[PDB]
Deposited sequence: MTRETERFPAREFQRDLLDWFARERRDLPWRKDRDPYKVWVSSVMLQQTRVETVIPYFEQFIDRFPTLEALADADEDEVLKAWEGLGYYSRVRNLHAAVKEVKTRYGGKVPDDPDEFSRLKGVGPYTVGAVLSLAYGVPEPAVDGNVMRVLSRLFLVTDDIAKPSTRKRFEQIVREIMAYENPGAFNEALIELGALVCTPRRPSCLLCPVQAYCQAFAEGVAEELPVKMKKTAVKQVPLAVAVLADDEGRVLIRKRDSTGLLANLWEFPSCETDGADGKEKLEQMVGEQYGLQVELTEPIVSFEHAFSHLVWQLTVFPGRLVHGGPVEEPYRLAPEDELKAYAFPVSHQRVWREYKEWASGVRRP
């Protein structure tokens, strides 16, 4: 019953829609930035980053024209940093190739780095009205419960089945609003735990609620335990208070972020002294830091730096006052905090 379902959903949306910062206009640049920031990141976390980012980068061209270091700093702490490297590249392409206009063609837009199926649907359906589905985790959960889809949603194929269902039940009249409303429904009503089925605008059309199994959907494979990785970190300061930091490679974990020199140890002090050579004191703190796919076990070693030559790349000698200008991962932000607390 598409029309009945749509009306109960979209009337709910008009009433309950959150007035979020990226909903102030249907501008493709701002829908694109927020769509990328929101990937694997909760709305409440994104709000301050979005506001600061758009303030610093009001247009696609200001983003394209900005130095990679400035764009990364604006992303500092949000996680999954290849999102912002892909976005930066993708806007650069859009300025270079397309004269600064965001393509409204799905296949041309998706050629851009970072633009996967959700981001295509989100930007094109809201900014330009293109009736492409925008299936995020919220939408998969909603559709799994509605149509009692018990397949693993982690499989790409399941996602392709959801995307077909959307095109069938979609309100082609108001696609942008249909897509936001499904997302918003999963965010506000059809939540992972204890979904508010009784309050839900579409309790009638839900096969899961009818069978009493809303809480058992969606079907998501259980995450496997992650590798543990010991990491020795040096905080090396000369007599002028300047600190040695380095820029990580553009490929892999925490790409192009700055860090304090570090070595995967699997004795730390010996490897660190050996690495920076190519004298440290005892450890001052040891803490863990989680990633999605591994856990760092960090150990911080204070050090003294005497200048015997030029500071070569990737390294840079940073006055303590100028550390604030570099983008560090959260793990190394804590390294610096613990080093400064110890110094007190």
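Engineer: Which parts of the deposited chain sequence are absent from the coordinates, listed in sequence order?
Structural biologist: Unmodelled stretches, in sequence order: 1 to 8, 275 to 276, 289 to 294, 361 to 365.
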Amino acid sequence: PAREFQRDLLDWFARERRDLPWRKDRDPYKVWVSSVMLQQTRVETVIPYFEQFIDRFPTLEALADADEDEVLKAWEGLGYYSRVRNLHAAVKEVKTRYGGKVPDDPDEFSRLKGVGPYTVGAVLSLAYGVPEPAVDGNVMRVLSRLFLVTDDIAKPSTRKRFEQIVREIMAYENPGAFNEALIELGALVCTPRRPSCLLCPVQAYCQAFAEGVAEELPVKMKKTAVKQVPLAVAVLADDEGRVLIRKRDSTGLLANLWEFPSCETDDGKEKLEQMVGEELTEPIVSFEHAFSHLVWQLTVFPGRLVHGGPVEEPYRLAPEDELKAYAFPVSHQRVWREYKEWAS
From here on, numbers count along this sequence of modelled residues.
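Engineer: Using only C-alpha atoms and the B-factors in the entry, which stretch averages higher, 298 to 306 or 50 to 58?
Structural biologist: Averaging CA B-factors over each stretch, the winner is 298 to 306.
Engineer: Check the entry's C-alpha temperature factors for 175 to 183 and 75 to 83, then say which stretch has the higher mean.
Structural biologist: Averaging CA B-factors over each stretch, the winner is 175 to 183.
Engineer: Which of these, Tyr118, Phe109, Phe260, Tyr205, has its C-alpha atom at the highest B-factor, as the entry lists it?
Structural biologist: So the option with the highest C-alpha B-factor is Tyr205.
Engineer: According to the deposited entry, which of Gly212, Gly114, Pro192, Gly137 has the largest Cα B-factor?
Structural biologist: Comparing C-alpha B-factors across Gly212, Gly114, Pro192, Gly137, the top value belongs to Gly212.
Engineer: Please place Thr41 in the lowest, middle or highest third of its chain by C-alpha B factor as given in the entry.
Structural biologist: Lowest third.
Engineer: Which third of the chain holds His88 when residues are ordered by C-alpha B factor: lowest, middle or highest?
Structural biologist: It belongs to the lowest third of the chain when residues are ordered by C-alpha B-factor.
Engineer: Check where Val330 lands among this chain's C-alpha B-factors and tell me if it's the lowest, middle or highest third.
Structural biologist: Its C-alpha B-factor, which the entry lists for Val330, ranks in the lowest third among residues of this chain.
Engineer: By its CA B factor, does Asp321 count among the lowest, middle or highest third of the modelled residues in the chain?
Structural biologist: Its C-alpha B-factor, which the entry lists for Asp321, ranks in the highest third among residues of this chain.
Engineer: Where does the C-alpha B-factor of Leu254 rank in its chain, lowest, middle or highest third?
Structural biologist: For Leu254, whose C-alpha B-factor we compare with every modelled residue in the chain, the answer is the lowest third.
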